[PDB]
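There are 2 protein chains.
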Amino acid sequence: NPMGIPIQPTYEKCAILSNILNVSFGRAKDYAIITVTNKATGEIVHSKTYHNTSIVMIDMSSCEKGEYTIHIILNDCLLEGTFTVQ
Amino acid sequence: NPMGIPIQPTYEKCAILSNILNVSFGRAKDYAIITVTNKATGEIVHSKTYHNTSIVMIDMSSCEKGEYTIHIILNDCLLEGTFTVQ
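So the protein sequences, as listed, match chains A and A'. A prime marks a further copy of an entry chain. To get the entry's author numbering, take the position in the first sequence, counting from 1, and add 32. To get the entry's author numbering, take the position in the second sequence, counting from 1, and add 32.
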C-alpha cells in the first residue's frame, strides 16, 4: 500500500490562540520572510522579512473571517500552512 | 482553544511503496542533502548531497526493520519525517 511521509521543518513552528498567530524560529535565522494571505480573496494581510527574531506574533483579530495561508520563506525553502480565523 | 498549525515544505515531498523510499524535488535545487537514519540505533543508512535532481529513489528493502527518520537539508532549513520499514 503506497504511503505519504509527511515532511516538516525542524526549527519553524506555528500555532494560533484567540486569533493571535505565533511563529517560532528555534534557531534564529539570518533571514525569514513571513507572508499571510487570505485564501478566498488573495489579499496579503502581512508580509515582512525578519532578522535575528525568535518569536513573531501577529494579531489576526481584526482580519476577515475564513481561511488563510502562511508562507515562511527560508533560503530556498518555501514553507506553507493553512489556518482558520474564526 | 490553542491550535497547532502544521507547516510543510511546498516543493519537497516524500512517500514509500514496497520499501522503496521516494523523495521528489518539485523545483530542482542547486543543493539538497538527504540523510536517512535508523531511529532505534542511530545508524545512518543513506547520506548524500544531490544537485539538479528531481527524483531520488532509495531501496530500503535490505535495511533493518523498524522506524527511520529522513532529513532533507536545504540552504538553512532542516526538513524531517519519520517512516516505517516493514
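Heads up, the beta-carbon is just placed ideally off N, CA and C, and yes, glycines get one too.
- Of the residues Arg59(A'), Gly58(A'), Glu96(A') and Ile52(A'), the one whose Cα lies closest to the Cα of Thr69(A') is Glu96(A').
- Here DSSP, grouped into helix, strand and coil, assigns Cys95(A) to coil.
- Short of 6 angstroms from the beta carbon of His78(A), and not among the five residues preceding or following it, lie these beta carbons of its own chain, in chain order: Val68 and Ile90.
- Only residues of its own chain outside the window of five on either side were considered, and among them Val68, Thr69, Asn70, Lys71, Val77, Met92, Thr114, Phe115, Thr116 and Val117 have a CB closer than 8 angstroms to the CB of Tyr100(A'), listed in chain order.
- Contact check for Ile39(A) against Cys46(A') passes: the beta carbons are separated by less than 8 angstroms.
- Only buried fits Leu111(A), as 16 or more other CB atoms lie within 10 angstroms of its CB.
- For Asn70(A), the enclosing beta strand (DSSP E) stretches over residues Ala64 to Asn70.
- Along the stretch 41-52 of chain A, the positions whose C-beta sits under 8 angstroms from a C-beta of chain A' are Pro41, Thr42, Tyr43, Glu44, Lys45, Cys46, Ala47, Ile48 and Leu49, read in chain order.
- If you check each beta-carbon in the stretch 97-116 of chain A against every beta-carbon of chain A', the ones closer than 9 angstroms belong to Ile102, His103, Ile104, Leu106, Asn107, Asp108, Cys109, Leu110, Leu111, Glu112, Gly113, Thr114, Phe115 and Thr116.
- From the listed residues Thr85(A'), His103(A'), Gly98(A') and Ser94(A'), the smallest Cα separation to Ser56(A') is found for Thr85(A').
- Excluding five sequence positions before and after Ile52(A'), the CB atoms of its chain that fall closer than 8 angstroms to its own CB belong to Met89, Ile90, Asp91, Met92 and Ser93, given in chain order.
- Among the residues of chain A', those whose CB is under 7 angstroms from the CB of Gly36(A) are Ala47, following chain order.
- DSSP lists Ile102(A) as the bridge partner or partners of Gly113(A).
- Around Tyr63(A), the same chain offers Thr81 and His83 as residues with beta carbons nearer than 7 angstroms, after the five sequence neighbours per side are excluded.
- Along the stretch 58-78 of chain A, going in chain order, the ones with a CB nearer than 7 angstroms to a CB of chain A' are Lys61.
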